[PDB]
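S.K.: Experimental coordinates for this protein are included below, preceded by the sequence.
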Amino acid sequence: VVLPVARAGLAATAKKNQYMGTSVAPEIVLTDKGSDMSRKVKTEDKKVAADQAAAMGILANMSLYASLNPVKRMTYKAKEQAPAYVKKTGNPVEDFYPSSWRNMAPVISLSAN
Amino acid sequence: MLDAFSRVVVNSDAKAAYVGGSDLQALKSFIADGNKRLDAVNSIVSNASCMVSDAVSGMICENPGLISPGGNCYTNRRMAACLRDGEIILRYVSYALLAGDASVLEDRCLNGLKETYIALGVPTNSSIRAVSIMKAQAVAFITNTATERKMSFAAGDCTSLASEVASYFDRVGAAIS
Amino acid sequence: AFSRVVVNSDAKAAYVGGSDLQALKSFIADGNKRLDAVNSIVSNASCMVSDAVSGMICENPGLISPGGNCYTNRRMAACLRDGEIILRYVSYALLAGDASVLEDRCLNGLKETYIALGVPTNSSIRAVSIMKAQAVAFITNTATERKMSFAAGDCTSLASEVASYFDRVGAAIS
Amino acid sequence: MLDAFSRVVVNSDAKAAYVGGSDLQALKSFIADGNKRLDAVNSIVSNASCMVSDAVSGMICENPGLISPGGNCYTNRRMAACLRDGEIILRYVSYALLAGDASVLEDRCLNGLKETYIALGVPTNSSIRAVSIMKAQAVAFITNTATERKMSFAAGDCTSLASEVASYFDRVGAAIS
Amino acid sequence: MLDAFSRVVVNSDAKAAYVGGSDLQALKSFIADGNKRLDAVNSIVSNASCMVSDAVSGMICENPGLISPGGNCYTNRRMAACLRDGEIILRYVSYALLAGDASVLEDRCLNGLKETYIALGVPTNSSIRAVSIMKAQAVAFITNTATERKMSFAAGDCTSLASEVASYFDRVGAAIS
Amino acid sequence: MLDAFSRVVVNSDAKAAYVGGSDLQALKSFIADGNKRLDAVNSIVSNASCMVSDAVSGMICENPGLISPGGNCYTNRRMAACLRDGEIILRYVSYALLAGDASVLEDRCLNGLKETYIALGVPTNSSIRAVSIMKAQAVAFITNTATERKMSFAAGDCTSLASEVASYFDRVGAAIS
Amino acid sequence: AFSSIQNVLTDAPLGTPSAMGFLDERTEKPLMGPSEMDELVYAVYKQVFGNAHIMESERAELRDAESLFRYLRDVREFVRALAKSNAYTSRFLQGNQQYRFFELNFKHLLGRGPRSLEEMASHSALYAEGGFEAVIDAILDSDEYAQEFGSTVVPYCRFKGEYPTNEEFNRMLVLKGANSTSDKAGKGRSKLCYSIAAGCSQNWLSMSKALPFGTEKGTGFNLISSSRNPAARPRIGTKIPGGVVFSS
Amino acid sequence: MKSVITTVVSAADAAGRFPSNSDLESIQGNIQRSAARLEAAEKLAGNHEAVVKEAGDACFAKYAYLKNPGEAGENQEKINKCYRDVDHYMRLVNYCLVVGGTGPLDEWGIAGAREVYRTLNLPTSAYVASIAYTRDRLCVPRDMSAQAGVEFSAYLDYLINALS
Ligand SMILES: C=CC1=C(C)[C@@H](Cc2[nH]c(/C=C3N=C(/C=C4\NC(=O)[C@H](C)[C@H]4CC)C(C)=C\3CCC(=O)O)c(CCC(=O)O)c2C)NC1=O
Ligand SMILES: C=CC1=C(C)[C@@H](Cc2[nH]c(/C=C3N=C(/C=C4\NC(=O)[C@H](C)[C@H]4CC)C(C)=C\3CCC(=O)O)c(CCC(=O)O)c2C)NC1=O
Ligand SMILES: C=CC1=C(C)[C@@H](Cc2[nH]c(/C=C3N=C(/C=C4\NC(=O)[C@H](C)[C@H]4CC)C(C)=C\3CCC(=O)O)c(CCC(=O)O)c2C)NC1=O
Ligand SMILES: C=CC1=C(C)[C@@H](Cc2[nH]c(/C=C3N=C(/C=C4\NC(=O)[C@H](C)[C@H]4CC)C(C)=C\3CCC(=O)O)c(CCC(=O)O)c2C)NC1=O
Ligand SMILES: C=CC1=C(C)[C@@H](Cc2[nH]c(/C=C3N=C(/C=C4\NC(=O)[C@H](C)[C@H]4CC)C(C)=C\3CCC(=O)O)c(CCC(=O)O)c2C)NC1=O
Ligand SMILES: C=CC1=C(C)[C@@H](Cc2[nH]c(/C=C3N=C(/C=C4\NC(=O)[C@H](C)[C@H]4CC)C(C)=C\3CCC(=O)O)c(CCC(=O)O)c2C)NC1=O
Ligand SMILES: C=CC1=C(C)[C@@H](Cc2[nH]c(/C=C3N=C(/C=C4\NC(=O)[C@H](C)[C@H]4CC)C(C)=C\3CCC(=O)O)c(CCC(=O)O)c2C)NC1=O
Ligand SMILES: C=CC1=C(C)[C@@H](Cc2[nH]c(/C=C3N=C(/C=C4\NC(=O)[C@H](C)[C@H]4CC)C(C)=C\3CCC(=O)O)c(CCC(=O)O)c2C)NC1=O
Ligand SMILES: C=CC1=C(C)[C@@H](Cc2[nH]c(/C=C3N=C(/C=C4\NC(=O)[C@H](C)[C@H]4CC)C(C)=C\3CCC(=O)O)c(CCC(=O)O)c2C)NC1=O
Ligand SMILES: C=CC1=C(C)[C@@H](Cc2[nH]c(/C=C3N=C(/C=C4\NC(=O)[C@H](C)[C@H]4CC)C(C)=C\3CCC(=O)O)c(CCC(=O)O)c2C)NC1=O
Ligand SMILES: C=CC1=C(C)[C@@H](Cc2[nH]c(/C=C3N=C(/C=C4\NC(=O)[C@H](C)[C@H]4CC)C(C)=C\3CCC(=O)O)c(CCC(=O)O)c2C)NC1=O
Ligand SMILES: C=CC1=C(C)[C@@H](Cc2[nH]c(/C=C3N=C(/C=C4\NC(=O)[C@H](C)[C@H]4CC)C(C)=C\3CCC(=O)O)c(CCC(=O)O)c2C)NC1=O
Ligand SMILES: C=CC1=C(C)[C@@H](Cc2[nH]c(/C=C3N=C(/C=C4\NC(=O)[C@H](C)[C@H]4CC)C(C)=C\3CCC(=O)O)c(CCC(=O)O)c2C)NC1=O
Ligand SMILES: C=CC1=C(C)[C@@H](Cc2[nH]c(/C=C3N=C(/C=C4\NC(=O)[C@H](C)[C@H]4CC)C(C)=C\3CCC(=O)O)c(CCC(=O)O)c2C)NC1=O
């Protein structure tokens, strides 16, 4: 006699606010040139965006911060990651040393800090 | 004019609003210490690009399990989405410092955030820790005790505004715990 | 079971900044000695493998002969590549303090490939033991032709660390 | 209870065999580095009451809902019982570091620890933080990478014992999860 | 255990509130009608030996298989244990009427009572019947409407004490069912 | 019908033994390989119309004495019956691959298929060729080595599923051989 | 305080002849003699240790505590000397949890089970200020030990009838078992640990194994659930002449 | 056997169609819940001779009259036939945790049970009291996990309702 999808979709629409997953945020900009008639504040609304490119300046640098920790490679031990779905051919110079990892090696370039 | 800045955030659409020179001069004498509070916003939002970029990387700096195989900051996009929310949390706290009210902080940012993180399986114990780094930056930028960067301010004491922006960061901590 | 450089095909750079180094240098015991450990090696990385391969030629001169495995100038040039790639993974392993990235990205499957490609495995014992005995002499500043200015102190435990790492290469191709 | 020498005995009693010289080189090397094991035990028990004071009050920093009304560490009686438990996990790990074997930590401290903490209602995601804050502080003084309180050791490698303690503190973390 | 004043302050401790004048008007009428609460509990403990023996033998009357071979009120050994038990139940509900809160009846008397009775073989449907007789005996002494034994009171209603003690007798049936 | 889990039950019921230990390890590998099996059943069912038309035509072009007058696939009545006699056999095979055991194929299709085709007068050699082509189409859709259609998968090795479905097709050939 | 099981269906508690022998000035006690002595020592060994089955080369380390017991005839001092032994800590302290050690001290030295979490946590407050000997002498020098056993009788499991909580009778029945039951069968692992800290009760079949002979050991179990629902609010109505009154 | 696999196959075999997208969607639920009910099964498998001893004593505790001369537990060779028939029922619950449905309890324990126990004068209420004791002697994080006890106590509740 009841509709379960209607009266639970309505119950989840009034309790949950409409504003969470839309990723908008009040961006405040202050302008000041020293004078009195130069001092606006602009509290406008912007949907902020997940910046894809600058995460690799954080995800990689912390992945080599934790590579060089002697006492955070123990008490923080990573899980046992499986390799991918690559098929073994039979010749070891393609199986053990594939073309994606052919002649790759780390070069360390120290400088000041 | 101050009530109209709630209306551009309620409407869920990009609409801009601002103050004049004389309307701010009437606002800075209606609210007491209003020049100090606009220095408290400007000390944060000039450095808001560095505060989230240090606190998210500082969360990995004490917990490298988030970048593990199986971690919550992995597959190149979760790290981008982690920087997006710490940008959002720093926007809504600095708007609450600008308004002097946490009533826009709760229902627009913290309402239902606790259920959203456990629906995704976001570890809330690390997201406390990324806010508490940002709380430690916000009392250092306001009191001008930051080591690497000191902005020249007009002299005086701003201890009540630093404790106010401490208390707005605890409400982010209390909602997601 | 390798290390936290698991990042494959995303921009490959991963430097460590200035104040983040103070999060690392207050975390590594003798971290100033270990940063001077790898800087004594990779500053002289070109002179080492030019001397490591030619030290193997100077005791085993049949590699330049036709039928030998350092005739046909690309095949000579592959050995100076693979002389350096062994050195390049050891210098990362001394910096990280573990050999798990060296065992899984470099030494894994090396024995089966050297018998398949016709590489003489016993001569590559000799060419990497030269690079063992070279980098011991760099890290203790007993290199005769060139000495590097350092702060005063000993580096014996890092010298005993790298002799284990070059012996892992000799174990993996035996 | 068992120690590092007695585990070699009770494994070779099970095979009805005398302990030969092929099983003594793990034990003859144990008494060779046995002085620097004892040298690194008393860096933990002499800094112990500061470690429990830091690891509990850092768990309050990451999870601020522990000191809300209805939190687990709310009143003074519940606050002192949390300080007493982190001293006990530190006491039983510092027996197992001294013995070189995780027998005595397992069956007096970890025996039924998970079913106790469920019945009391102690949160398991905050109690694994307090054994992992002091995990990092226990690999501090072994590796001598401490910010304050430098301790005068003798020079050499102690990363075998630093990795052994990090095995022992996650044996607690695998027991109450 | 708690009483009627301690029950209010553990409700306010979940909110960290102060017991102010909104919450105090229930407690200001507990002391205002507090003479009648004392006037009602010596209406029960003055008749308590007659109340137990009538309730137990009134349960034998509606069920004569309790005193045949195989009943669980058969011999003198089992009948004195049934008479002792109904005096314990009437004792703990006179504590609960005096306090004004059913805490002490629920943890000391009723907690774990269902598992004693299904290990000793006690019938619980007839045991509820002996409690339900002395519920009706208790509401007749409080409102002074018993056929014998008119006690000397003062005039007014005790109709909220008679249904408060009827809910304490209903918790005994709900805990052994 | 027995699936892959109730097969090891009847294997252990005849020994009157519990399932646990080593006999549970095959079933944990069945769950881990379970997404490949659902990815494999989907690839056959999606191409089922082209699998039966190309295997009945391939039988006809190699033995053209079926569309001769008097032949067993001569008229339109006999042609549509052969296109349904092989569509049933493909349907009962994919039941056996979805389950993990051939007990749905043997008791509901194969038990009585030899004695059905003898009374009907069906050529026993042409029907084997009709299901041996369909076997060769099955191992090409699971291993993604079809020359006419390529589907999108994740990377990995799935020869064990292709070798398992070729064992089922050898039962429908050996039943009528 | 009637207790229909106690001297009816069980035996009588063992012990020394009287407590007036201490005021006798030419003796210390009614002198039992070495057939009347050692059969009392058999009952202290079966009670402080469970049924531990101590060997001949384990009783030789308890040679000194009996030789004092057959001169100073105090039973409480014999129990105190046996609980500080190596043979009491190598069975009940060494490979057990902390609330397993505490719940056996209530069995071996009081004959009851612990009634509370607050009573149980105060025994770990005495562990912090003196170790395990502060737990043992505080049980022995308590008021509850004085007005039930004293210097005269062995500390036995007493069916009282008038327990201060009903749950105290339940945890006593789980702790003692049958006579073919020792207390090493769990691998550590306190049996009462979940029910003390939560506030629930025990399982009816585990209690009715330890009941005596002749007390309906197990019947009364309906085939639905064995515990109570704390969240249930039932309607229990009383018939008056007119209708039915739900005094809730 | 009633299972997840044999239900969607027989629903499609009776209709004469191929396994569709809804038939594969339910085998996905056999993957998301195999973890909970299989470590409920190996916990029961390793500790079965201690549980059926404790369970079979709960029927001779409540129904102690069965050891009187005349009843079904009259002599010694009939007492271990009760412990055998309880070990049969605990072994079949281990099979239903492995298969994933009530199949081995239906086909092997329940079908034809009431006709057998009535003909041989076996009271079905004491094949129940040993089962209902195992169901409430189950602690939530101690014996198994949280979702492993939900599965284990649902096949015990199935056998209780089927014998009553
Ligand atoms: C205005 C609304 C709004 C917010 C309040 C925040 C909160 C928020 N974050 C995410 C979404 C996310 N949030 C995180 C964040 C974290 N994970 C971690 O490990 C860190 C501790 C932490 C921050 C650094 C991640 C990683 C995702 C992506 C989840 C995923 O990809 O599965 C989502 C998406 C859920 C959905 O769309 O269904 C939302 C609403 N972002 C918003 O758009
Ligand atoms: C958005 C635009 C906008 C601003 C940024 C502010 C900027 C601002 N604040 C002050 C003026 C001031 N600013 C401060 C603030 C501080 N002093 C400290 O030592 C602390 C570091 C810091 C507090 C966090 C104080 C204490 C005064 C003087 C009191 C006052 O004028 O309110 C002045 C006057 C300077 C002068 O004397 O000429 C100005 C221009 N007002 C605006 O309209
Ligand atoms: C000489 C100059 C030079 C370049 C410009 C790059 C260009 C480049 N990038 C990648 C490789 C990659 N490129 C990205 C790209 C991104 N990661 C993100 O998080 C963002 C969404 C996006 C940056 C905008 C990723 C994730 C990889 C890893 C593999 C992949 O996904 O392609 C590759 C493949 C080889 C490799 O993996 O390194 C190449 C050639 N490489 C170079 O050598
Ligand atoms: C090596 C491990 C590692 C870390 C521990 C963190 C580093 C880190 N820095 C700060 C602390 C801070 N972080 C900033 C932020 C900034 N400072 C500036 O000058 C810029 C404008 C801006 C971006 C860099 C400020 C102003 C403080 C407070 C003052 C200070 O300690 O520098 C905090 C919080 C309080 C504290 O513990 O000091 C942490 C956790 N990041 C890491 O990588
Ligand atoms: C044709 C025959 C022929 C040889 C047999 C070798 C000779 C040779 N020299 C070194 C040994 C070395 N080689 C170097 C390398 C260098 N020294 C520097 O100062 C430069 C930076 C760098 C490139 C020249 C160092 C530092 C040592 C160790 C110290 C020394 O012996 O000089 C070794 C290794 C040590 C050993 O003997 O085990 C060998 C085999 N070279 C030859 O040509
Ligand atoms: C919320 C508030 C808050 C705190 C209270 C602290 C609590 C705290 N301290 C440390 C970190 C530490 N704790 C100690 C321990 C001590 N330091 C000494 O010099 C003494 C000997 C001893 C007690 C006073 C040390 C030495 C470190 C530094 C990291 C280390 O060396 O272990 C860590 C992180 C450990 C890690 O993850 O690596 C945390 C969370 N941090 C916070 O965010
Ligand atoms: C009564 C108690 C008792 C002690 C406290 C120790 C004290 C102690 N430690 C070491 C000795 C040592 N201690 C260390 C340890 C270290 N050196 C470092 O730089 C690291 C930070 C740290 C690793 C944890 C090392 C490497 C030795 C030398 C090895 C050895 O002689 O056994 C020695 C041998 C010689 C010496 O150095 O004095 C002694 C007596 N021994 C005891 O019997
Ligand atoms: C089979 C045998 C048999 C009995 C023993 C009685 C038992 C009995 N007594 C009362 C009921 C009562 N019993 C008493 C008790 C007493 N009255 C006094 O005046 C004394 C002081 C005191 C001890 C005798 C009271 C006060 C009531 C209820 C008031 C009333 O009777 O009107 C009730 C009614 C309860 C109800 O309605 O559910 C019953 C069934 N009836 C029986 O059928
Ligand atoms: C120390 C022991 C002790 C007691 C036994 C009671 C005794 C008692 N009861 C009441 C007083 C009273 N008692 C009743 C009760 C009733 N009247 C009826 O008709 C009903 C049958 C019955 C209900 C149960 C009423 C209605 C009052 C007066 C209202 C009041 O003042 O509370 C009073 C106050 C009036 C007076 O002082 O005379 C006292 C002292 N109080 C005590 O301090
Ligand atoms: C005389 C007439 C005559 C025919 C009709 C075909 C019939 C036919 N097709 C295939 C062989 C095959 N048939 C199919 C089925 C298909 N391939 C596709 O691209 C479609 C998606 C789908 C149905 C149209 C597949 C997938 C193979 C295997 C190789 C491939 O085609 O990629 C085979 C080989 C079977 C075997 O190895 O025994 C035969 C005989 N050949 C003939 O000689
Ligand atoms: C409801 C319907 C339903 C499906 C259709 C499948 C869909 C499906 N297939 C795979 C996942 C996979 N599927 C295959 C199978 C193959 N890959 C190949 O290269 C071969 C061509 C082919 C047969 C060997 C492989 C190898 C994986 C990778 C993971 C694994 O090996 O289990 C996964 C897991 C990876 C992911 O989640 O993205 C899923 C959900 N599962 C379902 O629940
Ligand atoms: C820890 C302190 C401690 C001691 C120092 C000894 C001392 C000691 N010995 C005896 C008790 C005794 N001691 C002896 C010993 C002897 N009698 C002789 O004639 C021989 C010369 C001598 C053997 C060398 C005898 C025979 C008894 C028992 C006396 C009796 O039968 O009543 C007793 C009394 C206890 C008892 O009744 O058995 C005590 C305290 N025992 C202790 O527990
Ligand atoms: C595979 C599934 C499977 C089962 C579940 C059992 C079911 C089962 N149990 C019994 C048989 C029995 N069940 C009982 C049990 C009891 N009698 C009592 O006194 C108490 C009521 C109870 C103790 C628990 C007894 C005594 C018999 C034997 C009856 C007899 O031999 O007369 C029998 C008759 C044949 C026999 O003697 O074993 C069968 C089929 N057997 C199976 O093959
Ligand atoms: C695979 C089948 C299987 C079951 C049906 C259960 C059943 C079960 N429970 C217990 C044993 C127990 N079960 C409990 C009950 C609890 N413990 C707590 O901490 C909670 C408070 C409460 C659950 C809510 C207790 C306290 C014991 C030990 C006392 C006893 O019953 O003997 C035992 C005896 C074995 C032992 O010594 O542990 C068995 C077989 N366990 C199983 O392995």
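M.R.: The structure has been received and is ready for your questions. Residues are numbered from 1 along each chain as shown, chains lettered A, B, ... in the order given. Ligands and ions are numbered 1, 2, ... in the order given.

S.K.: quick one: contacts for the nearest residue to residue H:11 once chain neighbours are set aside?
M.R.: Leaving out its chain neighbours, the residue that sits closest to residue H:11 by Cβ to Cβ, 6 or more residues apart in numbering or on different chains is residue H:23, at 7.8 Å. Using the backbone N, CA and C atoms, a C-beta is placed for each residue, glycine as well. By Cβ atoms under 8 Å, 6 or more residues apart in numbering or on different chains, the contact set of residue H:23 is F:98, H:8-9, H:11-12.

S.K.: which residues in chain A form strands?
M.R.: Counting by DSSP state E, the segments of chain A that form strands are A:24-30, A:41-47.

S.K.: Tell me which of these is the most buried.
M.R.: strand A:24-30 (a mean of 19; mean count of other Cβ atoms under 10 Å in any protein chain shown).

S.K.: List of residues touching that strand?
M.R.: Under Cβ under 8 Å, 6+ apart, the answer for strand A:24-30 is A:39-48, B:9, B:12, B:38, B:41-42, B:45-46, B:87-88, B:91-92, B:94-95, B:98.

S.K.: is ligand 2 contacted by that strand?
M.R.: Yes: using Cβ under 6 Å from any ligand atom, strand A:24-30 comes into contact with ligand 2 via residue A:30.

S.K.: how about the residue in chain H that chain C sits nearest to, secondary structure?
M.R.: For chain H, the residue closest to chain C is residue H:35, as judged by Cβ to the nearest Cβ, at 24.6 Å. Assigned with DSSP: H, G, I helix; E, B strand; the rest coil, residue H:35 falls in the helix class.

S.K.: if we can go back for a sec, please produce a PyMOL select command covering the buried subset of the contacts of strand A:24-30.
M.R.: Those of those that count as buried under 16 or more other Cβ atoms under 10 Å in any protein chain shown are selected in PyMOL with:
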select buried, (chain A and resi 39+41+43+44+45) or (chain B and resi 9+38+41+42+45+87+88+91+92+94+95+98)
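
S.K.: of the contacts of strand A:24-30, list those near ligand 2.
M.R.: A:39, A:41, B:38, B:42.

S.K.: So the last one: helix, strand or coil?
M.R.: This points to residue B:42. helix.

S.K.: pretty sure it contacts residue A:31?
M.R.: No: between residue B:42 and residue A:31 there is no contact under Cβ atoms under 8 Å: 9.8 Å.

S.K.: shared neighbours of those two, anything?
M.R.: With Cβ under 8 Å, 6+ apart as the test, residue B:42 and residue A:31 reach no residue in common.

S.K.: I'd like the distance from residue B:124 to ligand 10, if you could.
M.R.: Distance check for residue B:124 against ligand 10: by Cβ to the nearest ligand atom, to the nearest Å, it reads 50 Å.

S.K.: Hmm, that residue is touching residue B:173, no?
M.R.: No: the criterion here is Cβ under 8 Å, and residue B:124 misses it with residue B:173 at 9.8 Å.

S.K.: dump the residue contacts of the residue in chain B positioned nearest to chain E.
M.R.: Across chain B, no residue is closer to chain E than residue B:174, which sits at 13.0 Å (Cβ to the nearest Cβ). Residues near residue B:174 by Cβ under 8 Å, 6+ apart: D:64-65, D:68.

S.K.: just these now: which is nearest residue H:91?
M.R.: residue D:65 (46.9 Å; Cβ to Cβ).

S.K.: tally of neighbours for the closest one?
M.R.: Residues near residue D:65, counting by other Cβ atoms under 10 Å in any protein chain shown, number 20.

S.K.: Now do the residue of chain B found nearest ligand 11: how many residues are near it, please.
M.R.: With Cβ to the nearest ligand atom as the measure, residue B:75 is the residue of chain B nearest to ligand 11, at 12.5 Å. Under the neighbour criterion other Cβ under 10 Å, residue B:75 is assigned a count of 11.

S.K.: dump the residue contacts of it.
M.R.: The contact partners of residue B:75, by Cβ under 8 Å, 6+ apart, come to none.

S.K.: Kindly report the same for residue A:93.
M.R.: By Cβ under 8 Å, 6+ apart, the residues touching residue A:93 are C:113, C:116-117.

S.K.: gap between the residue of chain B closest to chain E and chain A?
M.R.: 18 Å (Cβ to the nearest Cβ, to the nearest Å).

S.K.: which SS class is that residue?
M.R.: Secondary structure for residue B:174, judged by three-state DSSP, is helix.

S.K.: Show me what residue of chain B gets nearest to ligand 10.
M.R.: Here chain B gets closest to ligand 10 at one residue, residue B:75, 33.9 Å apart by Cβ to the nearest ligand atom.

S.K.: does that residue sit in a helix or strand, and which one?
M.R.: Assigned by DSSP states H and E, residue B:75 falls within no helix or strand.

S.K.: mind listing the helices in the chain by residue range?
M.R.: Chain wasn't specified; assuming chain A. Here chain A has its helices, by DSSP state H, at A:6-9, A:11-14, A:56-65, A:92-95.

S.K.: wrong chain, I was asking about chain H
M.R.: H:5-13, H:21-32, H:34-38, H:41-46, H:51-56, H:59-62, H:76-99, H:103-105, H:113-119, H:126-136, H:146-162.

S.K.: Pull out the CA atoms of stretch A:3-13 and give them to me as PDB.
M.R.: The C-alpha coordinates for stretch A:3-13 follow below in PDB (Å, rounded to 0.1, in the frame of the first residue of the first chain):
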ATOM      1  CA  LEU A   3       5.600   3.200  -2.200                       C
ATOM      2  CA  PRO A   4       9.100   2.500  -0.800                       C
ATOM      3  CA  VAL A   5      11.100   4.400  -3.400                       C
ATOM      4  CA  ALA A   6       8.900   7.500  -3.300                       C
ATOM      5  CA  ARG A   7       8.600   8.100   0.500                       C
ATOM      6  CA  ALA A   8      12.300   7.300   1.100                       C
ATOM      7  CA  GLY A   9      13.400   9.500  -1.700                       C
ATOM      8  CA  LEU A  10      11.400  12.300  -0.200                       C
ATOM      9  CA  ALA A  11      12.700  11.500   3.300                       C
ATOM     10  CA  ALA A  12      16.300  11.700   2.100                       C
ATOM     11  CA  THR A  13      15.700  15.000   0.300                       C
END
